[PDB]
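Below: protein.cif (mmCIF, N, CA, C and O atoms)
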data_structure
#
loop_
_atom_site.label_atom_id
_atom_site.label_comp_id
_atom_site.auth_asym_id
_atom_site.auth_seq_id
_atom_site.Cartn_x
_atom_site.Cartn_y
_atom_site.Cartn_z
N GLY C 1 136.70 134.92 -40.98
CA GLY C 1 135.44 134.44 -40.46
C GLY C 1 135.56 133.93 -39.04
O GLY C 1 135.64 132.72 -38.81
N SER C 2 135.56 134.85 -38.08
CA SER C 2 135.68 134.49 -36.67
C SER C 2 136.61 133.29 -36.49
O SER C 2 136.28 132.34 -35.78
N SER C 3 137.76 133.35 -37.14
CA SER C 3 138.74 132.26 -37.06
C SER C 3 140.08 132.78 -36.55
O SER C 3 140.40 133.96 -36.69
N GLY C 4 140.86 131.89 -35.95
CA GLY C 4 142.16 132.27 -35.43
C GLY C 4 143.08 131.08 -35.21
O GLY C 4 142.86 130.28 -34.30
N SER C 5 144.09 130.96 -36.06
CA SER C 5 145.04 129.85 -35.96
C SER C 5 145.92 129.99 -34.73
O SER C 5 146.08 131.09 -34.19
N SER C 6 146.49 128.88 -34.28
CA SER C 6 147.35 128.88 -33.10
C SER C 6 148.60 129.71 -33.35
O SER C 6 148.94 130.60 -32.57
N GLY C 7 149.30 129.40 -34.44
CA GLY C 7 150.51 130.13 -34.77
C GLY C 7 151.00 129.84 -36.18
O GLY C 7 151.21 130.75 -36.97
N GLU C 8 151.17 128.55 -36.49
CA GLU C 8 151.63 128.15 -37.81
C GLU C 8 150.94 126.86 -38.25
O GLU C 8 150.15 126.28 -37.51
N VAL C 9 151.26 126.42 -39.47
CA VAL C 9 150.67 125.20 -40.01
C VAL C 9 151.34 123.96 -39.43
O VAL C 9 152.55 123.95 -39.19
N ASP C 10 150.56 122.91 -39.21
CA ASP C 10 151.08 121.66 -38.66
C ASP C 10 150.83 120.50 -39.62
O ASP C 10 149.71 120.24 -40.04
N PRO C 11 151.92 119.79 -39.98
CA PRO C 11 151.85 118.65 -40.89
C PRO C 11 151.15 117.45 -40.27
O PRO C 11 150.43 116.72 -40.95
N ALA C 12 151.36 117.26 -38.97
CA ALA C 12 150.74 116.14 -38.26
C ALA C 12 149.22 116.30 -38.20
O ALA C 12 148.50 115.34 -37.96
N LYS C 13 148.75 117.53 -38.41
CA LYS C 13 147.32 117.82 -38.38
C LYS C 13 146.75 117.88 -39.79
O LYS C 13 145.55 117.70 -39.99
N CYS C 14 147.62 118.13 -40.76
CA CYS C 14 147.20 118.22 -42.16
C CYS C 14 146.61 116.89 -42.63
O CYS C 14 146.90 115.84 -42.06
N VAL C 15 145.79 116.96 -43.68
CA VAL C 15 145.17 115.76 -44.23
C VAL C 15 145.08 115.84 -45.75
O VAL C 15 145.30 116.89 -46.34
N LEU C 16 144.76 114.71 -46.37
CA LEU C 16 144.64 114.65 -47.83
C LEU C 16 143.19 114.45 -48.25
O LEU C 16 142.42 113.78 -47.55
N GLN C 17 142.82 115.03 -49.38
CA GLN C 17 141.46 114.91 -49.90
C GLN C 17 141.45 114.25 -51.27
O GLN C 17 142.37 114.44 -52.07
N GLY C 18 140.41 113.47 -51.54
CA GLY C 18 140.30 112.80 -52.82
C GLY C 18 139.81 111.37 -52.68
O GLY C 18 140.12 110.69 -51.71
N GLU C 19 139.03 110.92 -53.66
CA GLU C 19 138.49 109.56 -53.64
C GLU C 19 139.51 108.56 -54.18
O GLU C 19 140.35 108.91 -55.01
N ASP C 20 139.43 107.33 -53.70
CA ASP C 20 140.35 106.28 -54.13
C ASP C 20 141.77 106.82 -54.29
O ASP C 20 142.39 106.66 -55.34
N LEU C 21 142.26 107.47 -53.24
CA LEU C 21 143.61 108.04 -53.26
C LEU C 21 144.66 106.94 -53.33
O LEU C 21 145.82 107.20 -53.66
N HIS C 22 144.26 105.71 -53.03
CA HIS C 22 145.17 104.57 -53.07
C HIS C 22 144.89 103.69 -54.28
O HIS C 22 145.18 102.50 -54.27
N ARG C 23 144.32 104.29 -55.33
CA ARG C 23 144.00 103.56 -56.55
C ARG C 23 144.20 104.44 -57.78
O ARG C 23 143.57 105.49 -57.90
N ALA C 24 145.07 104.01 -58.68
CA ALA C 24 145.35 104.75 -59.90
C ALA C 24 145.36 103.84 -61.11
O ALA C 24 145.44 102.62 -60.98
N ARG C 25 145.28 104.43 -62.30
CA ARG C 25 145.27 103.67 -63.54
C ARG C 25 146.50 104.00 -64.39
O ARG C 25 146.90 105.16 -64.49
N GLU C 26 147.09 102.97 -64.99
CA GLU C 26 148.27 103.16 -65.83
C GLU C 26 148.07 104.32 -66.80
O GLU C 26 147.00 104.49 -67.37
N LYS C 27 149.12 105.12 -66.97
CA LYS C 27 149.07 106.26 -67.88
C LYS C 27 147.82 107.10 -67.61
O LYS C 27 147.12 107.49 -68.54
N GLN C 28 147.56 107.38 -66.34
CA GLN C 28 146.41 108.18 -65.95
C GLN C 28 146.82 109.37 -65.10
O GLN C 28 147.84 109.33 -64.40
N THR C 29 146.04 110.45 -65.17
CA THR C 29 146.33 111.65 -64.40
C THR C 29 145.48 111.72 -63.14
O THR C 29 144.29 112.01 -63.19
N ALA C 30 146.11 111.45 -62.00
CA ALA C 30 145.41 111.48 -60.72
C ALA C 30 145.77 112.73 -59.93
O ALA C 30 146.94 113.03 -59.72
N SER C 31 144.75 113.47 -59.50
CA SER C 31 144.95 114.69 -58.74
C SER C 31 144.18 114.65 -57.42
O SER C 31 143.13 114.02 -57.33
N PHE C 32 144.71 115.33 -56.41
CA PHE C 32 144.07 115.37 -55.10
C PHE C 32 144.30 116.72 -54.43
O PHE C 32 145.19 117.48 -54.81
N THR C 33 143.47 117.02 -53.43
CA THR C 33 143.58 118.29 -52.70
C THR C 33 144.23 118.08 -51.34
O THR C 33 143.91 117.14 -50.62
N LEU C 34 145.15 118.98 -50.99
CA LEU C 34 145.84 118.90 -49.71
C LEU C 34 145.38 120.01 -48.77
O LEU C 34 145.70 121.18 -48.96
N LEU C 35 144.62 119.63 -47.74
CA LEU C 35 144.11 120.59 -46.77
C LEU C 35 145.19 120.94 -45.74
O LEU C 35 145.88 120.07 -45.23
N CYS C 36 145.32 122.23 -45.45
CA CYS C 36 146.31 122.70 -44.48
C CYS C 36 145.63 123.12 -43.18
O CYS C 36 144.78 124.00 -43.16
N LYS C 37 146.02 122.46 -42.09
CA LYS C 37 145.46 122.76 -40.77
C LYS C 37 146.55 123.22 -39.81
O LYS C 37 147.72 122.89 -39.98
N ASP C 38 146.15 123.98 -38.79
CA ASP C 38 147.09 124.48 -37.80
C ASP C 38 147.32 123.44 -36.70
O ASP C 38 146.80 122.33 -36.76
N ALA C 39 148.10 123.82 -35.69
CA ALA C 39 148.39 122.93 -34.57
C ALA C 39 147.12 122.57 -33.81
O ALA C 39 147.08 121.57 -33.09
N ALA C 40 146.09 123.38 -33.97
CA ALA C 40 144.81 123.15 -33.30
C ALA C 40 143.97 122.13 -34.06
O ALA C 40 142.89 121.74 -33.61
N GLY C 41 144.47 121.71 -35.22
CA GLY C 41 143.74 120.74 -36.02
C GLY C 41 142.52 121.34 -36.68
O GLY C 41 141.57 120.62 -37.02
N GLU C 42 142.53 122.65 -36.87
CA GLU C 42 141.41 123.35 -37.50
C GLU C 42 141.86 124.10 -38.75
O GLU C 42 143.05 124.38 -38.92
N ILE C 43 140.91 124.41 -39.62
CA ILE C 43 141.21 125.12 -40.85
C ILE C 43 141.84 126.48 -40.56
O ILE C 43 141.31 127.27 -39.79
N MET C 44 142.98 126.75 -41.20
CA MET C 44 143.68 128.01 -41.01
C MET C 44 143.34 128.99 -42.13
O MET C 44 143.37 130.21 -41.93
N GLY C 45 143.02 128.46 -43.30
CA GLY C 45 142.69 129.30 -44.43
C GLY C 45 143.83 130.21 -44.84
O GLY C 45 143.64 131.41 -45.02
N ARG C 46 145.02 129.63 -44.99
CA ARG C 46 146.20 130.40 -45.38
C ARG C 46 147.16 129.54 -46.18
O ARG C 46 146.97 128.33 -46.32
N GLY C 47 148.21 130.17 -46.72
CA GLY C 47 149.19 129.44 -47.50
C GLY C 47 150.60 129.66 -47.00
O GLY C 47 150.87 129.54 -45.81
N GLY C 48 151.51 129.98 -47.92
CA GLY C 48 152.89 130.20 -47.55
C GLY C 48 153.51 129.00 -46.86
O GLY C 48 154.24 129.14 -45.88
N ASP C 49 153.23 127.81 -47.39
CA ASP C 49 153.76 126.58 -46.82
C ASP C 49 154.63 125.85 -47.84
O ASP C 49 154.46 126.01 -49.05
N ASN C 50 155.56 125.03 -47.35
CA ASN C 50 156.46 124.28 -48.21
C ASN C 50 155.97 122.84 -48.37
O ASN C 50 156.19 122.00 -47.50
N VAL C 51 155.31 122.56 -49.50
CA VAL C 51 154.80 121.23 -49.77
C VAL C 51 155.78 120.43 -50.63
O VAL C 51 156.32 120.94 -51.60
N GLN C 52 155.99 119.17 -50.25
CA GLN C 52 156.91 118.30 -50.98
C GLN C 52 156.18 117.07 -51.50
O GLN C 52 155.72 116.23 -50.73
N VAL C 53 156.08 116.96 -52.82
CA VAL C 53 155.41 115.83 -53.45
C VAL C 53 156.36 115.07 -54.37
O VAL C 53 157.00 115.65 -55.24
N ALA C 54 156.46 113.76 -54.16
CA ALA C 54 157.33 112.92 -54.96
C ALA C 54 156.86 111.47 -54.95
O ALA C 54 156.68 110.87 -53.88
N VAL C 55 156.65 110.90 -56.13
CA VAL C 55 156.20 109.52 -56.25
C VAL C 55 157.31 108.63 -56.81
O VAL C 55 157.94 108.96 -57.81
N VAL C 56 157.53 107.50 -56.14
CA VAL C 56 158.56 106.56 -56.57
C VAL C 56 158.04 105.12 -56.56
O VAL C 56 157.35 104.69 -55.63
N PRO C 57 158.36 104.37 -57.62
CA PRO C 57 157.93 102.97 -57.76
C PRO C 57 158.63 102.05 -56.76
O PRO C 57 159.85 102.08 -56.62
N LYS C 58 157.84 101.23 -56.07
CA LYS C 58 158.38 100.30 -55.09
C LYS C 58 159.28 99.27 -55.76
O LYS C 58 160.03 98.56 -55.09
N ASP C 59 159.21 99.20 -57.08
CA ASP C 59 160.03 98.26 -57.84
C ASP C 59 161.44 98.81 -58.06
O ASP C 59 162.42 98.26 -57.56
N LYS C 60 161.53 99.91 -58.80
CA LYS C 60 162.81 100.54 -59.08
C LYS C 60 162.97 101.84 -58.29
O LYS C 60 161.99 102.38 -57.78
N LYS C 61 164.20 102.32 -58.20
CA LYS C 61 164.48 103.55 -57.47
C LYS C 61 165.04 104.62 -58.41
O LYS C 61 164.79 105.81 -58.22
N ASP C 62 165.79 104.19 -59.41
CA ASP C 62 166.38 105.11 -60.38
C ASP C 62 165.33 105.60 -61.37
O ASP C 62 165.58 106.51 -62.16
N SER C 63 164.15 104.98 -61.33
CA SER C 63 163.06 105.35 -62.23
C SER C 63 162.00 106.16 -61.49
O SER C 63 161.08 105.62 -60.88
N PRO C 64 162.13 107.50 -61.55
CA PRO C 64 161.19 108.41 -60.89
C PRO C 64 159.83 108.42 -61.57
O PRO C 64 159.57 107.64 -62.49
N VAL C 65 158.94 109.30 -61.10
CA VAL C 65 157.60 109.41 -61.66
C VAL C 65 157.22 110.86 -61.89
O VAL C 65 157.51 111.73 -61.07
N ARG C 66 156.57 111.13 -63.02
CA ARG C 66 156.15 112.48 -63.36
C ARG C 66 155.17 113.02 -62.32
O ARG C 66 154.18 112.37 -61.99
N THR C 67 155.45 114.22 -61.81
CA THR C 67 154.60 114.85 -60.81
C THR C 67 154.39 116.32 -61.12
O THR C 67 155.14 116.92 -61.89
N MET C 68 153.36 116.91 -60.51
CA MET C 68 153.05 118.32 -60.72
C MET C 68 152.54 118.96 -59.43
O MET C 68 151.86 118.31 -58.63
N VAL C 69 152.87 120.23 -59.23
CA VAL C 69 152.45 120.96 -58.04
C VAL C 69 152.18 122.43 -58.36
O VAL C 69 153.09 123.16 -58.76
N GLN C 70 150.94 122.85 -58.18
CA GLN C 70 150.56 124.23 -58.45
C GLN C 70 150.17 124.95 -57.16
O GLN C 70 149.02 124.91 -56.73
N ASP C 71 151.14 125.61 -56.54
CA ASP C 71 150.91 126.34 -55.30
C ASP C 71 149.77 127.34 -55.47
O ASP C 71 149.73 128.10 -56.44
N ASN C 72 148.84 127.34 -54.52
CA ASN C 72 147.70 128.25 -54.56
C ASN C 72 147.87 129.38 -53.56
O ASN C 72 147.45 130.51 -53.81
N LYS C 73 148.49 129.08 -52.42
CA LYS C 73 148.72 130.07 -51.38
C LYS C 73 147.40 130.61 -50.84
O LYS C 73 147.30 131.78 -50.48
N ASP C 74 146.39 129.75 -50.80
CA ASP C 74 145.07 130.14 -50.31
C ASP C 74 144.62 129.22 -49.18
O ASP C 74 143.84 129.62 -48.32
N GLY C 75 145.11 127.99 -49.20
CA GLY C 75 144.74 127.02 -48.18
C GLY C 75 144.64 125.61 -48.72
O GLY C 75 144.57 124.65 -47.96
N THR C 76 144.65 125.49 -50.04
CA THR C 76 144.55 124.18 -50.69
C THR C 76 145.55 124.06 -51.84
O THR C 76 145.58 124.91 -52.73
N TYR C 77 146.36 123.01 -51.81
CA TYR C 77 147.35 122.79 -52.85
C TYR C 77 146.80 121.86 -53.94
O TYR C 77 145.89 121.07 -53.70
N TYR C 78 147.37 121.97 -55.14
CA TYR C 78 146.94 121.15 -56.26
C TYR C 78 148.08 120.26 -56.76
O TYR C 78 149.00 120.74 -57.42
N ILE C 79 148.01 118.98 -56.43
CA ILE C 79 149.03 118.03 -56.84
C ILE C 79 148.48 117.04 -57.87
O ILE C 79 147.34 116.61 -57.78
N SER C 80 149.31 116.70 -58.85
CA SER C 80 148.91 115.77 -59.90
C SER C 80 150.09 114.89 -60.32
O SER C 80 151.22 115.36 -60.44
N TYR C 81 149.81 113.61 -60.55
CA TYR C 81 150.84 112.66 -60.96
C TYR C 81 150.28 111.65 -61.96
O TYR C 81 149.09 111.34 -61.95
N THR C 82 151.16 111.13 -62.81
CA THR C 82 150.76 110.15 -63.82
C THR C 82 151.80 109.05 -63.95
O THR C 82 152.93 109.27 -64.39
N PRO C 83 151.42 107.82 -63.57
CA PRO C 83 152.30 106.66 -63.64
C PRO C 83 152.58 106.22 -65.07
O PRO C 83 151.68 106.22 -65.92
N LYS C 84 153.83 105.87 -65.35
CA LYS C 84 154.23 105.43 -66.68
C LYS C 84 154.10 103.92 -66.82
O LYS C 84 153.92 103.40 -67.93
N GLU C 85 154.19 103.22 -65.70
CA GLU C 85 154.08 101.76 -65.70
C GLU C 85 153.20 101.28 -64.55
O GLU C 85 153.17 101.87 -63.47
N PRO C 86 152.46 100.19 -64.79
CA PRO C 86 151.56 99.60 -63.79
C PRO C 86 152.32 98.96 -62.63
O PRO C 86 153.48 98.57 -62.78
N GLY C 87 151.66 98.85 -61.48
CA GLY C 87 152.29 98.25 -60.32
C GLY C 87 151.99 99.01 -59.04
O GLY C 87 150.89 99.51 -58.86
N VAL C 88 152.98 99.08 -58.16
CA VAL C 88 152.82 99.78 -56.89
C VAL C 88 153.78 100.95 -56.78
O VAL C 88 154.95 100.85 -57.16
N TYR C 89 153.29 102.07 -56.25
CA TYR C 89 154.12 103.27 -56.09
C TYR C 89 154.00 103.82 -54.68
O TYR C 89 153.09 103.46 -53.93
N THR C 90 154.92 104.71 -54.32
CA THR C 90 154.92 105.32 -53.00
C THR C 90 154.90 106.84 -53.09
O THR C 90 155.88 107.46 -53.49
N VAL C 91 153.76 107.43 -52.72
CA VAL C 91 153.61 108.88 -52.76
C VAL C 91 154.22 109.53 -51.52
O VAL C 91 153.87 109.19 -50.39
N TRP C 92 155.13 110.47 -51.75
CA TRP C 92 155.79 111.17 -50.65
C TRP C 92 155.19 112.57 -50.46
O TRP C 92 155.36 113.44 -51.31
N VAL C 93 154.50 112.76 -49.35
CA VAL C 93 153.88 114.05 -49.05
C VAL C 93 154.29 114.54 -47.66
O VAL C 93 153.83 114.02 -46.65
N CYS C 94 155.15 115.55 -47.64
CA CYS C 94 155.62 116.12 -46.38
C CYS C 94 155.67 117.64 -46.45
O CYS C 94 155.91 118.21 -47.52
N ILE C 95 155.45 118.30 -45.32
CA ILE C 95 155.47 119.75 -45.26
C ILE C 95 156.48 120.25 -44.23
O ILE C 95 156.52 119.76 -43.10
N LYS C 96 157.30 121.22 -44.62
CA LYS C 96 158.30 121.78 -43.73
C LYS C 96 159.24 120.69 -43.21
O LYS C 96 159.62 120.70 -42.04
N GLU C 97 159.60 119.76 -44.08
CA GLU C 97 160.49 118.67 -43.71
C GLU C 97 159.86 117.80 -42.63
O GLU C 97 160.51 117.42 -41.66
N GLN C 98 158.58 117.48 -42.81
CA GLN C 98 157.85 116.65 -41.85
C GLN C 98 156.73 115.89 -42.54
O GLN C 98 155.90 116.47 -43.24
N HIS C 99 156.71 114.57 -42.34
CA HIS C 99 155.69 113.72 -42.94
C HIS C 99 154.33 113.97 -42.29
O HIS C 99 154.17 113.86 -41.08
N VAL C 100 153.34 114.32 -43.12
CA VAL C 100 151.99 114.58 -42.63
C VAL C 100 151.28 113.29 -42.25
O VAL C 100 151.84 112.20 -42.38
N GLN C 101 150.04 113.41 -41.79
CA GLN C 101 149.25 112.25 -41.40
C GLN C 101 148.98 111.34 -42.59
O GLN C 101 148.99 111.79 -43.74
N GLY C 102 148.76 110.06 -42.32
CA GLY C 102 148.50 109.11 -43.38
C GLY C 102 149.39 109.33 -44.59
O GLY C 102 148.91 109.41 -45.72
N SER C 103 150.69 109.43 -44.35
CA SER C 103 151.65 109.64 -45.42
C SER C 103 153.08 109.46 -44.92
O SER C 103 153.40 109.75 -43.77
N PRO C 104 153.96 108.96 -45.81
CA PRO C 104 153.59 108.61 -47.18
C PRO C 104 152.69 107.39 -47.24
O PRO C 104 152.55 106.66 -46.26
N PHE C 105 152.07 107.17 -48.40
CA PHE C 105 151.18 106.03 -48.59
C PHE C 105 151.54 105.27 -49.86
O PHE C 105 152.43 105.66 -50.61
N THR C 106 150.82 104.17 -50.11
CA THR C 106 151.06 103.35 -51.29
C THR C 106 149.98 103.58 -52.34
O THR C 106 148.87 104.01 -52.03
N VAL C 107 150.31 103.29 -53.60
CA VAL C 107 149.37 103.46 -54.70
C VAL C 107 149.45 102.30 -55.67
O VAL C 107 150.48 102.06 -56.30
N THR C 108 148.34 101.57 -55.81
CA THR C 108 148.28 100.42 -56.71
C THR C 108 147.77 100.84 -58.09
O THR C 108 146.57 101.03 -58.28
N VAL C 109 148.69 100.97 -59.04
CA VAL C 109 148.33 101.36 -60.40
C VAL C 109 148.00 100.13 -61.25
O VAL C 109 148.75 99.15 -61.26
N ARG C 110 146.88 100.20 -61.95
CA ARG C 110 146.44 99.10 -62.80
C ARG C 110 146.85 99.34 -64.25
O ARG C 110 147.40 100.39 -64.59
N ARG C 111 146.58 98.36 -65.11
CA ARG C 111 146.92 98.47 -66.52
C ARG C 111 145.76 99.07 -67.32
O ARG C 111 144.60 98.73 -67.10
N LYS C 112 146.09 99.97 -68.24
CA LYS C 112 145.08 100.62 -69.06
C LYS C 112 144.43 99.63 -70.02
O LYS C 112 145.08 98.68 -70.48
N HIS C 113 143.16 99.85 -70.32
CA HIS C 113 142.42 98.97 -71.23
C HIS C 113 142.47 99.50 -72.66
O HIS C 113 141.98 100.59 -72.94
#
Here is the file; what I need is its structure written in the form of structure tokens.
Amino acid sequence: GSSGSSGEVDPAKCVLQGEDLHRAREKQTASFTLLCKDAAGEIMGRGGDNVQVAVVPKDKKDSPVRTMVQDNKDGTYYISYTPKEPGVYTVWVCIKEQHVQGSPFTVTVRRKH
């Protein structure tokens, strides 16, 4: 659609999509969309990128967190994670060995009712 990327995807230009991305619930499945933009900071509408997703509790380090990643190769990635214990966590989102904008970030998980 009358579009033309600069050359490749840029992590510093990439962004995250989703409401209350910094708020999760204990034993809950939180998913968000990862938009891929080029060096021009515009939609590239392509895939073939290396996305790295990993969540770790700010409390412990040897205790990882369940995560999921379903590559689409269309322009939007599908990431999902579910905390096992309440508290604070650190979501790691980087592409091509590079931390994207507003990332990594923190996540305050609450206790289930």
* To do: Identify all residues satisfying the PyMOL selection byres ((chain C and resi 36) around 8) in the given file; provide them as an NGL selection string.
  => :C and (8-11 or 13-16 or 33-35 or 37-39 or 41-47 or 74-77)
* Quick one: distance from atom O of residue 88 of chain C to atom N of residue 61 of chain C in Å, one decimal? ->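 Separating atom O of residue 88 of chain C from atom N of residue 61 of chain C is a distance of 9.4 Å.
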* What do you get, as a ChimeraX atom specification, if you spell out every residue that the PyMOL selection byres ((chain C and resi 62-73) around 8) selects here? -> /C:28,30-32,45-49,51,53-61,74-85
* Asked: Out of C:50, C:101, C:2, C:106, which residue has the shortest atom-to-atom distance to residue 21 of chain C when counting only C-alpha atoms?
  -> C:106
* To do: Step by step, work through what the PyMOL selection byres (((chain C and resi 24 and name CA) around 6) and name CA) selects in the shown file, and finish by giving those residues as a ChimeraX atom specification.
  => /C:23,25,109
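The interatomic distance for the pair atom CA of residue 110 of chain C and atom C of residue 22 of chain C works out to 9.8 Å.
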* Asked: Between atom CA of residue 108 of chain C and atom N of residue 95 of chain C, what is the distance, to one decimal in Å?
  ->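 Rounded to one decimal, the two atoms are 22.4 Å apart.
Closest approach to residue 86 of chain C from the set C:26, C:113, C:103, C:98 is made by C:26, with distances taken over only C-alpha atoms.
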* Asked: Among segment 26-108 of chain C, which ones does DSSP place in strand (DSSP E), written as a VMD selection string?
  -> chain C and resid 30 to 35 51 to 57 66 to 70 76 to 82 87 to 95 105 to 108
What would the file look like if the residues just selected were written as a compact mmCIF listing (two decimals), in the coordinates of the input with N, CA, C and O atoms?
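This went into result_12.txt:
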# COMPACT_ATOMS: atom_id res chain seq x y z
N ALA C 30 146.11 111.45 -62.00
CA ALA C 30 145.41 111.48 -60.72
C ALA C 30 145.77 112.73 -59.93
O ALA C 30 146.94 113.03 -59.72
N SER C 31 144.75 113.47 -59.50
CA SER C 31 144.95 114.69 -58.74
C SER C 31 144.18 114.65 -57.42
O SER C 31 143.13 114.02 -57.33
N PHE C 32 144.71 115.33 -56.41
CA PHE C 32 144.07 115.37 -55.10
C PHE C 32 144.30 116.72 -54.43
O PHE C 32 145.19 117.48 -54.81
N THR C 33 143.47 117.02 -53.43
CA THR C 33 143.58 118.29 -52.70
C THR C 33 144.23 118.08 -51.34
O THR C 33 143.91 117.14 -50.62
N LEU C 34 145.15 118.98 -50.99
CA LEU C 34 145.84 118.90 -49.71
C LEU C 34 145.38 120.01 -48.77
O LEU C 34 145.70 121.18 -48.96
N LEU C 35 144.62 119.63 -47.74
CA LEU C 35 144.11 120.59 -46.77
C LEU C 35 145.19 120.94 -45.74
O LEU C 35 145.88 120.07 -45.23
N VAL C 51 155.31 122.56 -49.50
CA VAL C 51 154.80 121.23 -49.77
C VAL C 51 155.78 120.43 -50.63
O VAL C 51 156.32 120.94 -51.60
N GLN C 52 155.99 119.17 -50.25
CA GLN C 52 156.91 118.30 -50.98
C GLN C 52 156.18 117.07 -51.50
O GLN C 52 155.72 116.23 -50.73
N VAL C 53 156.08 116.96 -52.82
CA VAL C 53 155.41 115.83 -53.45
C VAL C 53 156.36 115.07 -54.37
O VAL C 53 157.00 115.65 -55.24
N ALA C 54 156.46 113.76 -54.16
CA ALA C 54 157.33 112.92 -54.96
C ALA C 54 156.86 111.47 -54.95
O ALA C 54 156.68 110.87 -53.88
N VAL C 55 156.65 110.90 -56.13
CA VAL C 55 156.20 109.52 -56.25
C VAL C 55 157.31 108.63 -56.81
O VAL C 55 157.94 108.96 -57.81
N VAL C 56 157.53 107.50 -56.14
CA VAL C 56 158.56 106.56 -56.57
C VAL C 56 158.04 105.12 -56.56
O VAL C 56 157.35 104.69 -55.63
N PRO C 57 158.36 104.37 -57.62
CA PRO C 57 157.93 102.97 -57.76
C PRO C 57 158.63 102.05 -56.76
O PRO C 57 159.85 102.08 -56.62
N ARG C 66 156.57 111.13 -63.02
CA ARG C 66 156.15 112.48 -63.36
C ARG C 66 155.17 113.02 -62.32
O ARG C 66 154.18 112.37 -61.99
N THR C 67 155.45 114.22 -61.81
CA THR C 67 154.60 114.85 -60.81
C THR C 67 154.39 116.32 -61.12
O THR C 67 155.14 116.92 -61.89
N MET C 68 153.36 116.91 -60.51
CA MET C 68 153.05 118.32 -60.72
C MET C 68 152.54 118.96 -59.43
O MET C 68 151.86 118.31 -58.63
N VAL C 69 152.87 120.23 -59.23
CA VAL C 69 152.45 120.96 -58.04
C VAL C 69 152.18 122.43 -58.36
O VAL C 69 153.09 123.16 -58.76
N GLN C 70 150.94 122.85 -58.18
CA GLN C 70 150.56 124.23 -58.45
C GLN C 70 150.17 124.95 -57.16
O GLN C 70 149.02 124.91 -56.73
N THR C 76 144.65 125.49 -50.04
CA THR C 76 144.55 124.18 -50.69
C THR C 76 145.55 124.06 -51.84
O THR C 76 145.58 124.91 -52.73
N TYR C 77 146.36 123.01 -51.81
CA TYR C 77 147.35 122.79 -52.85
C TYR C 77 146.80 121.86 -53.94
O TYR C 77 145.89 121.07 -53.70
N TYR C 78 147.37 121.97 -55.14
CA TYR C 78 146.94 121.15 -56.26
C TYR C 78 148.08 120.26 -56.76
O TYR C 78 149.00 120.74 -57.42
N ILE C 79 148.01 118.98 -56.43
CA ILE C 79 149.03 118.03 -56.84
C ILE C 79 148.48 117.04 -57.87
O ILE C 79 147.34 116.61 -57.78
N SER C 80 149.31 116.70 -58.85
CA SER C 80 148.91 115.77 -59.90
C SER C 80 150.09 114.89 -60.32
O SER C 80 151.22 115.36 -60.44
N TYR C 81 149.81 113.61 -60.55
CA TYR C 81 150.84 112.66 -60.96
C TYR C 81 150.28 111.65 -61.96
O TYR C 81 149.09 111.34 -61.95
N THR C 82 151.16 111.13 -62.81
CA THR C 82 150.76 110.15 -63.82
C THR C 82 151.80 109.05 -63.95
O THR C 82 152.93 109.27 -64.39
N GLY C 87 151.66 98.85 -61.48
CA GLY C 87 152.29 98.25 -60.32
C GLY C 87 151.99 99.01 -59.04
O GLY C 87 150.89 99.51 -58.86
N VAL C 88 152.98 99.08 -58.16
CA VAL C 88 152.82 99.78 -56.89
C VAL C 88 153.78 100.95 -56.78
O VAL C 88 154.95 100.85 -57.16
N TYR C 89 153.29 102.07 -56.25
CA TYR C 89 154.12 103.27 -56.09
C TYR C 89 154.00 103.82 -54.68
O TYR C 89 153.09 103.46 -53.93
N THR C 90 154.92 104.71 -54.32
CA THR C 90 154.92 105.32 -53.00
C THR C 90 154.90 106.84 -53.09
O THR C 90 155.88 107.46 -53.49
N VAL C 91 153.76 107.43 -52.72
CA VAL C 91 153.61 108.88 -52.76
C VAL C 91 154.22 109.53 -51.52
O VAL C 91 153.87 109.19 -50.39
N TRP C 92 155.13 110.47 -51.75
CA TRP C 92 155.79 111.17 -50.65
C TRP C 92 155.19 112.57 -50.46
O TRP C 92 155.36 113.44 -51.31
N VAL C 93 154.50 112.76 -49.35
CA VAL C 93 153.88 114.05 -49.05
C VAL C 93 154.29 114.54 -47.66
O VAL C 93 153.83 114.02 -46.65
N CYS C 94 155.15 115.55 -47.64
CA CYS C 94 155.62 116.12 -46.38
C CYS C 94 155.67 117.64 -46.45
O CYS C 94 155.91 118.21 -47.52
N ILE C 95 155.45 118.30 -45.32
CA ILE C 95 155.47 119.75 -45.26
C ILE C 95 156.48 120.25 -44.23
O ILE C 95 156.52 119.76 -43.10
N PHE C 105 152.07 107.17 -48.40
CA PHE C 105 151.18 106.03 -48.59
C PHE C 105 151.54 105.27 -49.86
O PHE C 105 152.43 105.66 -50.61
N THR C 106 150.82 104.17 -50.11
CA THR C 106 151.06 103.35 -51.29
C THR C 106 149.98 103.58 -52.34
O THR C 106 148.87 104.01 -52.03
N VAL C 107 150.31 103.29 -53.60
CA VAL C 107 149.37 103.46 -54.70
C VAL C 107 149.45 102.30 -55.67
O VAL C 107 150.48 102.06 -56.30
N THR C 108 148.34 101.57 -55.81
CA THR C 108 148.28 100.42 -56.71
C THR C 108 147.77 100.84 -58.09
O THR C 108 146.57 101.03 -58.28
